[PDB]
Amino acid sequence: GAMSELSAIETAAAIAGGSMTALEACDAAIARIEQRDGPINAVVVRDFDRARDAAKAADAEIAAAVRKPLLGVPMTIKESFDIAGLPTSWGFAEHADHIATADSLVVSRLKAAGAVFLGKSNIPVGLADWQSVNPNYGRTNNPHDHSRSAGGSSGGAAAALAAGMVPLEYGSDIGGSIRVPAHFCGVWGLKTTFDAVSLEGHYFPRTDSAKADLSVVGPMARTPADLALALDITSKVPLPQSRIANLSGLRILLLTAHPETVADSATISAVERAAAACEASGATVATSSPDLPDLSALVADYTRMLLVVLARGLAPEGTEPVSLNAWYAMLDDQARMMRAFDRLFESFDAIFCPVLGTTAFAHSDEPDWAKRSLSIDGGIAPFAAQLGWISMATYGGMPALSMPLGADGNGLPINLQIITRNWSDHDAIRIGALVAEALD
C-alpha cells in the first residue's frame, strides 16, 4: 500500500538498532489511535499512561544491552483477555466494571517478550457475533467501509490492524472469530490448532471459566512473519517450524463450494486465482478428493456441539438437556471427524477455500442469526449457513490461516482460508507467505 506502517518485527528492529526509542514507538501508536479511531471505534479500552511507563522501562532494558523479540513493540489485545488493572466485560453492561487482577497467559507471554500493551479492542456482547458492538463501548466500523461490519468477535482487533494503529493483536475463535474479522478487514489471522495455546485469562467475566472445546486463541497481524513470532511466543510448547521452502510440489485441495452454503462470484474467483498462482509456481491443485469428509454431516455435528458448549449444557426450560453420557459420545464423533481429516492430509498439504461466502455485510441490529440474511450476487441467502466455511478447522481442530487476497467490486477485502493438518500451524503461515509472494 501507499500508506504503510512498521510491522511488529520491523518496530523491534528499529528499537534494537536505535533508529527510534520504545517511547517514540509507543507515542507514535497512541497518536495513530487518537487520530484514526474516531470513525472506527476499535480501541475501546485505553491504558496510555501505564503504557508509556512500560515503554520507558523497555528503553531502560535496551540501554542495558537487553534484546527481546518484541521489546518496546506496542500492541493491543481483544477485550476478552485479562490485563491486570483493565476491565474484562465481554461487552456486558453488568460486567463493565469487572477489573482483572492478573494478566492472562497470552498477555504475560507477550510482555515477557517485551511487548507494550496500549489497551484492548472492541467485541460483541458475549463474543457471540460476526460484528463488534456492545452497550459498553459502541460499534466498531470497518475501516474499508464505515457502513459495514468490522467482523467479530475479534472485530476491533482486525479494524485496528487494518487502520494501521498497532502492528500486532491477538484474538479468539470458536465460530470463525479470528478468521472472519481478518477477512472482513483484510488483515492476517491465524486460527491455531485446538489446544496449542493456553486460554488462561480468557475468562468469562467474574469467573475462571474458559471454554474447553472448539475455541482457540491466535495472533492477528499484517504480516505472516509477525504471526509466526507471536505464535512461538505464546505457544504452550514450541511448535514445529515449517520446512516448506517454496510452492513447488505442494498439494492443494481447492474448494469453492459447500453442500450447505454458498460463495459469491468475486470470492470464488479470488480463491481460484490464488490456486492458479500456486499452480504457476509448481504446486499441484485438486478440486475434489474421495477422502474429503462429509461437510454436510460436519456442520450439523459442529453446530450441535457449539450450541451445547455455548449453553454450558443448559437446556431451555421444558426441553431435556444433553446427558453427560451423550456428550462423551459427541466427543467420540468429533474425534472420528478429526481422524478423517488426518487421512485427507496424507494426500494434501493444504485446503484452499473461502473464509466466508461474501465480504463484510452491512451493520445488523438483529441479534437472532435465524432472522438475518445476506446478499450473494444480488440474491438473498441465509446468514447462519455461512458457518459451514469455518466449521472444518474449528470442529476438526486444524489450524487455519485467513490472509488477504484482494477486494471485491466495492473495495471490500476478500481473504483466503488456508487449512493445514493439526499442529502444522507454522506450515499454514508459511504457505500463506508463499501464496502472497506468488500473487505479486
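Numbers follow the displayed sequence, beginning with 1.
A.B. asks: Of the two stretches 55-63 and 400-408, which shows the higher Cα B-factor on average in the entry?
C.D. replies: Looking at the recorded C-alpha B-factors, 55-63 comes out higher on average.
A.B. asks: I need to verify one thing: averaged over C-alpha atoms only, is the B-factor higher for 164-172 or for 239-247?
C.D. replies: Higher mean C-alpha B-factor: 239-247.
A.B. asks: Specify which of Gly282, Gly72, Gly186, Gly138 carries the largest Cα B factor in the deposited PDB entry.
C.D. replies: Reading the PDB entry, the winner on C-alpha B-factor is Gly282.
A.B. asks: Can you tell me which third, lowest, middle or highest, the CA B-factor of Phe194 falls into for its chain?
C.D. replies: Middle third of the chain for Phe194's C-alpha B-factor.
A.B. asks: Would you mind ranking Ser391 by its C-alpha B-factor against the rest of the chain and naming the third, lowest, middle or highest?
C.D. replies: CA B-factor rank for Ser391: middle third.
A.B. asks: Which third of the chain does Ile9 land in by C-alpha B-factor: lowest, middle or highest?
C.D. replies: For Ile9, the deposited C-alpha B-factor lands in the middle third.
A.B. asks: For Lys211, return the chain-relative third of its C-alpha B-factor as stated in the PDB record: lowest, middle or highest.
C.D. replies: Within its chain, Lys211 is a highest-third residue by C-alpha B-factor, going by the deposited values.
A.B. asks: Please rank the C-alpha B-factors of the chain's modelled residues and tell me whether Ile380 sits in the lowest, middle or highest third.
C.D. replies: Highest third of the chain for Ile380's C-alpha B-factor.
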